[PDB]
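These notes concern the structure reproduced below.
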Amino acid sequence: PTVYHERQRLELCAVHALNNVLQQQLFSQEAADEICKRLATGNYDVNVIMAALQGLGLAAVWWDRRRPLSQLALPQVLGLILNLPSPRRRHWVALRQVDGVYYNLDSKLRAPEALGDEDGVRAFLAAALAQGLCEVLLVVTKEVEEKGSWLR
Amino acid sequence: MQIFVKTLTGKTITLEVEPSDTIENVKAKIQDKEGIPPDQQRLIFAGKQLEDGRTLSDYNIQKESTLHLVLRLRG
């Protein structure tokens, strides 16, 4: 007699993080799967996210955890896609400014969590990085990527 | 000498290296330019994945060679 174990369906966090950072229901599981084909379930890697943004003329810059957060020119960034641990297991999370207020748009939240201005989200990132196992991706336009104007 | 690192997004990274540089040193130089941590990098040359502790000369990776970069981060 083996062990019966029902599991939850995947969270699709990569799709929700893409859509939340763009403030629009643009991507789906079908779009993610289609992208994952040409690069060779529901646990999409950072290659899929990069390719998804690239198809829209955008780009994901990988933030060097060694740099001080003061060197991050947040106003030049469309939004942030984080990779945080989930008590291993990891999940993707979007951080995004709307009308000057930054929000933690974690798809596991019931409502967006307001972080405040650049200082507030900078403290959030510093607290997320100090916890360990946190990767910060910058969602920027192709122009901002070429110029490196995400780096202050 | 110069070697090229090609990513899945079509980007090409140019690096200055020595034959005695380890693959970890190459990943460290990729981190300096791209911010990608070494433990998230998978470097492949001629269809084989490269080992961190080995050197560039061990794999006969010469000047102007083209390495491929695959990222591991999943979520």
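Throughout, read-outs are computed from the coordinates displayed, never taken from laboratory work. Counting neighbours? That spans all protein chains shown, and the Cβs are built from the backbone with ideal geometry, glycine included.
Between the beta carbons of A:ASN43 and A:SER149, assuming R0 = 45 Å, the FRET efficiency works out to 0.85 to the nearest 0.05.
Karplus-based coupling profile of segment A:136-152, in residue order and whole Hz: 10, 9, 9, 8, 9, 6, 5, 5, 5, 5, 5, 7, x, 6, 5, 9, 6, with θ = phi - 60° in 6.51 cos²θ - 1.76 cosθ + 1.60 and x standing for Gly or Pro. Using Cβ point charges alone (K and R +1, D and E -1), the dipole size of chain B about the Cα centre works out to roughly 400 debye.
Over the whole of B:62-73, what's the average partner chain Cβ count within 10 Å per residue? Rounded to a whole number, please.
Mean shielding count: 2.
Summing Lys and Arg as +1 and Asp and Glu as -1 over all other residues whose Cβ lies under 14 Å from the Cβ of B:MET1 gives a net charge of -2.
Since only A:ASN83, A:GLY132, A:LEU72 are under comparison, the one whose Cα sits farthest along the positive direction of the charge dipole of chain A, derived from C-beta charges on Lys, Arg, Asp and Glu, is A:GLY132. Within straight-line reach of B:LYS27, meaning a Cα separation under 20 Å, sit the following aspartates and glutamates at least 8 residues removed in sequence or on another chain: A:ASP45, A:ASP64, A:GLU135, B:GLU16, B:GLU18, B:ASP39, B:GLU51, B:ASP52, B:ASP58, B:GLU64.
Simple point charges give the picture: +1 on the Cβ of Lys and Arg, -1 on the Cβ of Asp and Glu, and for the protein assembly as shown a dipole about the Cα centre of about 380 debye. Using a simple spin-label model with pseudo-atoms 7 Å out from Cα toward Cβ, A:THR2 and B:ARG74 lie 2.1 nm apart. Principal axis extents of the Cα atoms in segment A:76-138, from largest to smallest and rounded to whole angstrom, are 36, 24, 17. Evaluated at q = 0.11, 0.27 Å⁻¹, the base-10 log of the normalised Debye intensity for chain B, with identical point scatterers placed on the Cα atoms, takes the values -0.22, -1.55. Principal axis extents of the C-alpha atoms in chain A (largest first, rounded to whole Å): 60, 33, 29. Each of B:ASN60 and A:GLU34 was given a label point 7 Å from its Cα along the Cα-to-Cβ line. The distance between the two points is 4.3 nm. Positive-end ranking of A:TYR103, A:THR2, A:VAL15 along the dipole of the protein assembly as shown, with charges on Cβ about the Cα centre, is headed by A:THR2.
The dipole here belongs to segment A:79-120: it is taken about the Cα centre, uses +1 on the Cβ of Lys and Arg and -1 on the Cβ of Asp and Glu, and is about 520 debye.
Counting Cβ atoms of other protein chains within 10 Å of each Cβ in A:47-53 and taking the mean gives 3.
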